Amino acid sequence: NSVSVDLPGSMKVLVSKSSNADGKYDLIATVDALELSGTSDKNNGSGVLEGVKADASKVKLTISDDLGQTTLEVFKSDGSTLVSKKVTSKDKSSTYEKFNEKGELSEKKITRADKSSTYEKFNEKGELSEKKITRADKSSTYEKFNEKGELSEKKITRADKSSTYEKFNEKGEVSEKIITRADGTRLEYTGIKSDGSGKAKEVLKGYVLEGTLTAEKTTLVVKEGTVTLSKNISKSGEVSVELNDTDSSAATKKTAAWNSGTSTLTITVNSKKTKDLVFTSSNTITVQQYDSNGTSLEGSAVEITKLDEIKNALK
């Protein structure tokens, strides 16, 4: 009875095999579970189809004469005031627009055949409030603007899904910064001052470490008893670790040395190695004990999944 035709925009149109009572072919398509209908002079699938939502919104599909382009418009019941408009080309490039209660543009997304896109939102004044550019490798830049058109926030996402997000104050200074690594862990910096110093939080799997940011380095700090562990992170992200114990007793005091070749901190008390804390490439920490002679590692390294286990290692 019908021939199904595939169109730009993952749409399908059904064309009657036979002409109807007139010199015309009947067209039906379902878009978002609303059936649209029309009639055309041609039997290729081109034409205009229309339907009406339950709430009296008018939906109009226009398929170009050569099937090179489809336009799908949703209007208010007046049939003129736009609610949304989607234009797709055969080469899979599209333009999707949403409109506010006035029928003025409020969002626009333009997608190219390679899947890169640009997205803009406009405020109730027709001013740009957000913009996101996504590249073919899936890297992106995202910007948000305030009412003065000043940059309020920016996020740069790399192809490996690592990212740097910044919030800016009215002096144009970074007040907050979040660095997300490709492993998914994050460094969060808040309260950034004019000298580039602030509070620092490292968000790891199962726990969070807290410390401070200077222009020189981030330092995260875990304290247990008289022992303090400091994880330093350089600007380029290199981790080094140190341990200080205030214990004055030669019998009990911990000291540690860091091997940056193995990313391992080895703790000694009373002349024997006691444990090795390895800071792995996936930003996790493992711990393994030396046998009571302090000269060989025993058992197996254990991956730390909670903050209490790091404290327990510093006992």
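When you see a residue number, it is the position in the sequence shown, counting from 1.
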property: Of 87-95 and 188-196, the stretch whose C-alpha atoms average the higher B-factor in the entry; result: 87-95
property: 3-11 or 305-313, whichever carries the higher mean Cα B-factor; result: 3-11
property: Residue of maximum C-alpha B factor among 135, 131, 201, 102, per deposited coordinates; result: 102
property: Out of 44, 283, 263, 288, residue topping the C-alpha B-factor column of the entry; result: 44
property: Residue 50 - Cα temperature factor, lowest/middle/highest third of chain; result: middle
property: Lowest, middle or highest third - CA B-factor, residue 224; result: middle
property: Relative C-alpha B-factor of residue 26, binned into the chain's lowest, middle or highest third; result: highest
property: CA B-factor ranking of residue 250, expressed as a third of its chain; result: highest
property: Residue 212 - Cα temperature factor, lowest/middle/highest third of chain; result: lowest
